[PDB]
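Chemist: Pasting a structure below so you can have a look.
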Amino acid sequence: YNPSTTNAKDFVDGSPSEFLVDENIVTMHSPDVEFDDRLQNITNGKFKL
Amino acid sequence: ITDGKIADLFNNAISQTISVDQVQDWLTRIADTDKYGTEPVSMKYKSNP
Amino acid sequence: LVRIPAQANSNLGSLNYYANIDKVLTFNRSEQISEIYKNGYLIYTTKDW
């Protein structure tokens with residue numbers, strides 16, 4: 001949106017039930033998580049991708 | 001709700017609010033039973049030790 | 001609920017994530033995107049029988 005014209009709220013109110021994709025936040029799916037229950041309890045694990 | 005802006009109108013409830021009877025356009029279009037509330041309120045809640 | 005920690009070099013906060021969604025999506029009607037949406041979302045059918 002152009003901030004000089006409209007606010008964020010007024011812009012979203014034209015279609016508040018619209019969805020956008022997000023590749024900046026992804027969802028990794030490995031068999032270890034589903035089958036190894038030790039990886040379903042990770043909490044803020046410092047890892048590199 | 002003028003243009004779909006229901007978020008801004010929700011935000012500015014302190015200003016954009018008035019009773020039904022005081023709406024000068026609705027002095028004869030609304031029945032006396034559809035502008036005054038005359039039913040109880042059910043107060044029910046529990047607490048902890 | 002899974003609060004993704006804050007992402008570096010971004011003034012945003014710690015993001016909030018859900019994968020079990022129980023939502024009802026409502027179309028608020030307005031002319032911001034196009035005029036014809038003051039009545040609702042259109043119904044799409046075949047050109048002929």
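Just so we're on the same page: first chain in the structure tokens is A, next is B, and so on; residues restart at 1 for each chain, and ligands are numbered from 1 in the order they show up.
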Kindly provide, as a list in words, the residues of chain A having any atom no farther than 12 Å from an atom of chain C, counting only C-alpha atoms.
Modeler: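 In the required form, that comes to residues 6, 10, 11, 12, 13, 14, 15, 16, 17, 18, 19, 24, 25, 26, 27, 41, 42, 43, 44, 45 and 46 of chain A.
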Chemist: Define the interface residues of chain B facing chain C as those within 9 Å, counting only C-alpha atoms, and report them as a PyMOL selection string.
Modeler: chain B and resi 2-6
Chemist: Please run DSSP on the backbone and report, as a compact mmCIF listing (two decimals) with C-alpha atoms, in the first residue's frame, all residues within chain C that come out as helix (DSSP H, G or I).
Modeler:
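Now in out_34.txt:
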# COMPACT_ATOMS: atom_id res chain seq x y z
CA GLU C 35 -17.29 -0.98 -7.58
CA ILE C 36 -19.16 -4.26 -8.10
CA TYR C 37 -18.06 -5.50 -4.64
CA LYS C 38 -20.60 -3.33 -2.80
Chemist: Which of chain C end up as strand (DSSP E or B) when DSSP is run on this backbone - answer as a ChimeraX atom specification?
Modeler: /C:2-3,16-17
Chemist: The selected residues should be written to file as a short mmCIF file (atom, residue, chain, number, x, y, z; two decimals), in the first residue's frame (atoms: C-alpha atoms).
Modeler:
data_model
loop_
_atom_site.label_atom_id
_atom_site.label_comp_id
_atom_site.auth_asym_id
_atom_site.auth_seq_id
_atom_site.Cartn_x
_atom_site.Cartn_y
_atom_site.Cartn_z
CA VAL C 2 4.51 -21.47 18.71
CA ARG C 3 6.03 -18.00 19.18
CA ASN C 16 2.92 -15.93 16.42
CA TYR C 17 2.15 -19.21 14.54
#
Chemist: Please indicate the distance in Å from CA of residue 4 in chain A to CA of residue 7 in chain C, rounded to one decimal place.
Modeler: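 If I compute the distance from CA of residue 4 in chain A to CA of residue 7 in chain C, I get 27.4 Å.
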